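Chains as they are written, first to last, in the deposited numbering: chain A, 1 to 411; chain G, 1 to 411; chain B, 2 to 370; chain H, 2 to 370; chain M, 70 to 151.
Just so it is clear, CB atoms sit at the ideal spot from N, CA and C, and this is done for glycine as well.
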Amino acid sequence: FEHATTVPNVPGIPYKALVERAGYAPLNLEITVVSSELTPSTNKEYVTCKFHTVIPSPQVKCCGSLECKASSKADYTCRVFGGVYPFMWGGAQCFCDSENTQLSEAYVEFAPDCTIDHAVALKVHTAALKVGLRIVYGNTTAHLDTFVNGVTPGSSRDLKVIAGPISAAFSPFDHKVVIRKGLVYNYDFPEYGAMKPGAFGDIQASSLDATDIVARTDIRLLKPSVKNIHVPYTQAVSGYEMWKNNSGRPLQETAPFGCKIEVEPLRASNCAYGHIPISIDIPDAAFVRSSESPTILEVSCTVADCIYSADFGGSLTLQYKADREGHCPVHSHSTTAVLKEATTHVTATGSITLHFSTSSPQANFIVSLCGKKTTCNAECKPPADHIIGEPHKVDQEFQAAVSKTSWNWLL
Amino acid sequence: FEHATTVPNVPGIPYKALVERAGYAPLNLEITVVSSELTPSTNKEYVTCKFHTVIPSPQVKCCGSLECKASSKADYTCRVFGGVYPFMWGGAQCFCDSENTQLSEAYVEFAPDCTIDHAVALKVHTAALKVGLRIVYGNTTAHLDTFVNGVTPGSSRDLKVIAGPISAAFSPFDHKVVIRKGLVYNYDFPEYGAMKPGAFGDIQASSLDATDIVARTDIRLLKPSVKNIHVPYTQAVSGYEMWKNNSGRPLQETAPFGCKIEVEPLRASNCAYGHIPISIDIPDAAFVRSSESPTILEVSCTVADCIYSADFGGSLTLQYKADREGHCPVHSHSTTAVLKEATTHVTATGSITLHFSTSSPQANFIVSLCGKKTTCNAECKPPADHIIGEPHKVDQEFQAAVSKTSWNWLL
Amino acid sequence: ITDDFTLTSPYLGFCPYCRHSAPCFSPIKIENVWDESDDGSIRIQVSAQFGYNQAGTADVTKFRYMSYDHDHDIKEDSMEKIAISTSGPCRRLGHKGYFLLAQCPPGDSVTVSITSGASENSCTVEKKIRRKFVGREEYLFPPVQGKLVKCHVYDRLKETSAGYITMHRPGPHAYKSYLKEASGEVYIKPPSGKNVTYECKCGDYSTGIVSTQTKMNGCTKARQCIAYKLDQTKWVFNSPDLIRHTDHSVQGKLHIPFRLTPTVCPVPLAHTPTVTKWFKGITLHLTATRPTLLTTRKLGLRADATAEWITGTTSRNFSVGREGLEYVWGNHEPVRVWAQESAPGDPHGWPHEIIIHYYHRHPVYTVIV
Amino acid sequence: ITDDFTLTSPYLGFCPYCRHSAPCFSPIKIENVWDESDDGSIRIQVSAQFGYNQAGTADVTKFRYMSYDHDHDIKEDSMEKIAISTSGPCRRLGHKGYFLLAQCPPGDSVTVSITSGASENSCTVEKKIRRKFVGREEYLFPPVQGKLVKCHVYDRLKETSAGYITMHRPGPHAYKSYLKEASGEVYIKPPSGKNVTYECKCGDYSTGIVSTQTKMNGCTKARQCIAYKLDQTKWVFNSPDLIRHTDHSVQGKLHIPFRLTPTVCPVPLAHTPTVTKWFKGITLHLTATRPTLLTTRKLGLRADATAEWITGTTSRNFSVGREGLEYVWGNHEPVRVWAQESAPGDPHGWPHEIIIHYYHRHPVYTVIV
Amino acid sequence: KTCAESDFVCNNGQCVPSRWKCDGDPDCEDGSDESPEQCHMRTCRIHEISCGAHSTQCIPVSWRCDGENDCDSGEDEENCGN
Ligand SMILES: [Ca+2]
Ligand SMILES: [Ca+2]
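This is the structure in structure tokens:
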């Protein structure tokens, strides 16, 4: 028998519910979320690191014509000079005076040790949402995982749970996102093939060891004017390091709703937002006829001093007279008063002590114990301590938050 | 023969007065104060300095367990950790695995070098006053140092003086004062017993050599996880050092009225404020009757130039004639004019020159040569030099600081 | 890749400094310096092969020298004479071929020099090496006990491949001491037993290989003629300070040792703060003797994260609402704090306390109503 | 309190930073560094007794330290191998027992090291050392001529005492080399000519005293049984890296040398200010090449004191009333200045310019009248 | 539970930090942390000398010519001075 329900997406805290069918004993139902990671569909386009400029030994021709060719090396640059005189340890390298020519050469490559701090550029879209559920009902536990889309059910061995579409929708990742050393940033890198000198993506490559490196660092050679031989060069500041200097706060400490971003599959696990509705089909085997559930007469509810706080402040007690031994689920039919325990053992004429966590100044909520419904009204004070490390159980709802005394004072 | 007067409380500046009787020539009576201390009563309660934590060697019991009982030593924090395997230069210090515990403890005691750097906390009240003043009467000099209440007298060689209560009473010290290294601050330290970590008074003790001291520095012990044996601990920043860093200006350079402050008895000496009334009696041995005192008549005034300032600016000349040669005191009855000289040698038809100072634009003041009064007036110009190192000998008064020309103009 | 080391030779370089602080030709010229380790280590590449004998028989405590004088050969000296420094003397952790490891205090220049011997030389290059820490909570010495975090240190073991460096065939190496200016003619001379390859152009281009003092065809000035040795074939590094050969193709590939290897390392933990709780707020009595980081962020629809390196013993006032607030402090785990609705007054009894209670919470909904 | 050093012994500490930049067990471990002097003197306390031979007969040029060998005995070394350094080398000033005094420029860490050839260690701790001056007018070196104030400086004489140190019974010290794992069982092997005691829970708790190798019953692993020696009786300090005895009572005391004493002390005098006089004010013309403090205050009921460190050549303007002010520049004695009335205009002016003189004085009280 | 990837795995599965591996000190129950299989070795430690040149047994250097054998062979009580 299916049972439509709406469950808030707040991992860790439960959501009590009661499912009832005519001619059948009521069954307790609780739904708890233990993990919820949203995994965007990524697509790498290039990686980058700090370029290491290499300058090959300059070739000189003793007064003969010289000119280079065009190669596929990254940021290749030729400059031919006329009227030089190189001086090595044994001086006068060329025999020919004021007519020899030398040509420079410079091309960039990935640093030998940049295999450990390479920055990966990613493009992400269409953020899904996968949740690991945990549901129990009538003394049996079920552990399962399912998606959030409205079609595919994450099936257990016996269960069939269809998690409906989630009302709210957001993604902490922007359109473009970079990755380095396990920290997930939020940048807008230049696209492939369009570099900018001194900014991020100064040197591009499809893979770490790939030979198709493309870079632009606007190197410009200079005509040597020193007695000995050395090829001078001027280079723009490294772009990746410059980005690293003022990288800013990573998304691990900036994403809203409390998501903690993992790096290996680029997850956003364990954060709370919105309401995810589900449709659970309970197998018929779990139910039981109404002739087996204990019957109870004269159920009365007395309320001890409570506090509407995150923790289980409110106390409860019941008086009854049953006819046979058994265990009877308990649950309250109010949307702003969550109980503590579902199954309880019922003796002939005993008393049960409960706990609950209200969010309303007055406790006008109906408690349903094994089918019998009772109402009890009370009045209790705000909490004393005003900082807790436990998230709240219910919402304000802006209706029951106003006391009965204030209500009859206004009206 | 008693006389009542009020000497202004300004050390170093004498003021001139006379006494008149029946058939007795007036005699000079000037009162001056050389020193005046202001000692308030103190009540030391504790002395503090920077601590030095002494962490005893940890205790380990092999294949067993132990408990630690608290002691009375200052901030004795103790813990026990179960399942440790201590190591040192010779490994395997315990013949037991995950069953032998260790004992970690720490306390606080006075530094071995703070016997000079200690800060003493005081609490002062009922600031009394004593003054040592010089009296010259009849060309006779006496030195007395009496109190300020109108009860205790000061007697030396038939010289009785009574000092009345001061017109205005204050103290340069606040309720709570603190002393270190011979200079006094002005701080509000916590009461003896309520310490706060990281602030002044982190350690309290009756004396630097006391046995039982009390302090709290929130010593908290971490869990040992290193391979060898060593106790971990974290502590708050030493409060005394922080206060020394953020002390502020000492009271030596903040006390008003110029009270330079000593530190051995916690005095406050040599400053000027208010008026102190004085009653003094003179024995008749210094009194001369009118029979032997030369009688002076036909007094006259003329002055070369008068200029009002702090020092003796104006110059006054006197013309007279008498019957006998001797000594005749000269005095100015006006409160805005004083005479530098005290006694003069009078002749038959001589002429003496006198120095006077005045704070009024008009030098309209009378003088009394052996009781013979006469008018004396002139116009005085403002001084060119507006910065000097001598306090003004007279105070500004109304109906005198206004020039006669302007007085006529507004009338 | 290649690992045999008997057919490569060191070379001279134009060191920007020297012993006398001048542009100098030294056999200890250095090309690159790397400081990408979280330990302070440094990999230095020099122009004098370390840890190898004259013939390359892989001796631990010998290194090639490439002497100054003409008829240049490769000699060796004891390894104890080597010593590198940045601002003060610093230790050495390994050596292999051109590269030698290091660990030096922060400074502004890197120096490698030979201490004693017949010739003393040095080489300094401007490179800003500054102290770096791991994670947060800047420290100065690694603590005895602390949290373990993932580091990245160089591997001091020599047999760890990190990269790819090339060599090339040696180029011409001219010498001035092979020419004589005695009279109106040019004389050349080779060393004892060596066959130089003289060649120069005055009148027309010419070459040749000789063994003793050889006459010229006829030509006045010997400055314009050159000569070099041809009996050399040892590979050299692709340095920017050598004459390129005619072909200049890659001959052999050898390794750059000391691969950067991930590992663990301890980091200090701060002093745990003391928390004071006030209505819809929180105050932290933080304390740290060295720069430590404190980051907060809300759990609602807006984050407005804050990061500030606090250094003293301060007190910060944070605002926490119904949604929540998480904060980290140093290397500690994140901790979450949720605020409830507890305002002064009472929602019963009298209206004058009901309005007080309802004013602090939602201070605009009660006003309009 | 005792002064004989034949009843004590050194101990092995755990220095956080040895020479090879790693936690280590060292004999030259230092515990505290006191920096409450006024000339830069430092009282370092280490874990090795100085000024005594092996038996402790008060020899100037000898010092003790425990040996790394397993038959741990106190050994000897020459005194001139001990060096102190923070940033540059420190110059030693004395030594007695654990302690030794030094003096050297500020840095960020204090190190002592044995620079011998056999055993060479270098402990190091993190201590913030900053240079301290006395009084005002911050200086670098004590000037030759100046006023004399009260400094507080450690005295080099070792016969003084300011402190109270304790020693306790030396705790157990087990060695892993006293066990064997020959075939299946354990062999407890004492050293040559000495007695060791073994306490173990091999099967059940047991103990025994022997001086020669024996065979245990029911043992299968070497680790399970540990044997230590019983020849340790000399008193040892209660450092937090040792193991306390079963009682751990105070059983002797020694002095902390180099007490703090007052001493006459020089301090520079700043350049005398040049004063210019203007109506109801003062214009000081200051100058100073180093941070100098100038402080002023009034003589009336309200002090409005001001203190400010200046470092350049600047001028400050002050206002002086009828009651006057005092200013204390640098180290010089206080000087007091009183101001009088010198407003422009004759108080007996024939024209109506009587107001202007009565306007500067009493600016408000003359408008109404 | 699942052992951390940051810690070492013994033959017994005990999880210990990687620093304790290859330090000449048994930090794990079965001794696989210092076994020659998990750590490459040639020369012995400073305080231990190889014995027999066949079994490569290492014993403390103080165990020489003491009068008692400390090896599986008989090369322990010879070549020592008086
Ligand atoms: Ca190990
Ligand atoms: Ca033996």
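Residues of chain H with CB closer than 8 Å to the CB of residue i, please, in chain order.
i: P95/M; result: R224
The alpha helix (DSSP H) spanning residue i covers which residue range?
i: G239/A; result: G239 to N245
i: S79/H; result: From DSSP, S79/H is part of no alpha helix (DSSP H) but of the beta strand (DSSP E) over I75 to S79.
i: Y366/H; result: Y366 to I369
i: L410/A; result: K404 to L410
i: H358/B; result: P352 to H361
Under 7 Å Cβ-Cβ, which residues of chain H neighbour residue i?
i: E137/M; result: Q214
i: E191/G; result: The contacting residues do not exist; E191/G stays about 28 Å from chain H at best.
Give the interface partners of residue i over in chain B, defined as CB-CB distance under 8 Å, in chain order.
i: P86/M; result: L149 and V265
Which chain G residues are close to residue i, counting only those with a beta carbon under 8 Å from its beta carbon?
i: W89/M; result: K227
Going by DSSP in three states, residue i sits in which element: helix, strand or coil?
i: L287/H; result: coil
i: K82/B; result: helix
i: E74/M; result: coil
i: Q362/G; result: strand
i: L251/G; result: helix
i: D72/H; result: coil
Would a C-beta distance cut-off of 7 Å place residue i and residue j closer than the cut-off?
i: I189/H; j: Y199/H; result: yes
i: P267/H; j: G98/H; result: no
i: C127/M; j: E117/M; result: yes
i: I219/A; j: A74/A; result: no
i: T3/B; j: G164/B; result: no
i: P28/B; j: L13/B; result: yes
i: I227/B; j: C203/B; result: no
i: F365/A; j: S332/A; result: yes
i: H3/G; j: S167/G; result: no
i: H143/A; j: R134/A; result: yes
Following the continuous beta strand (DSSP E) through residue i, name the residue where it begins and the one where it ends.
i: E298/G; result: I296 to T302
i: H96/H; result: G95 to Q104
i: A4/G; result: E2 to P8
i: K123/G; result: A119 to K123
i: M110/M; result: Element bounds for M110/M: n/a, residue is neither H nor E.
For a contact meaning CB atoms closer than 8 Å, what does residue i contact in chain M?
i: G91/G; result: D94
For a contact meaning CB atoms closer than 9 Å, what does residue i contact in chain H?
i: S131/M; result: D70, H71, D72, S178, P192 and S193
Give the residues of chain B in contact with residue i, contact being defined as C-beta atoms less than 9 Å apart.
i: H230/G; result: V145 and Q146
* At which residue ranges does the region 167-235 of chain A contain complete beta strand (DSSP E) runs of 3 or more residues, listed in the order of the chain? -> 176-180
* Could I get the ranges of all uninterrupted beta strand (DSSP E) runs contained in the region 296-323 of chain B, with 3 residues as the minimum, in chain order? => 307-311 and 317-319
* 3 or more residues per run - each beta strand (DSSP E) lying fully within the region 18-98 of chain G -> 27-37, 46-48, 51-54, 59-61 and 77-82
* Would you list, in sequence order, the uninterrupted beta strand (DSSP E) runs of no fewer than 3 residues that lie entirely inside the region 15-56 of chain H? => 31-35 and 42-51
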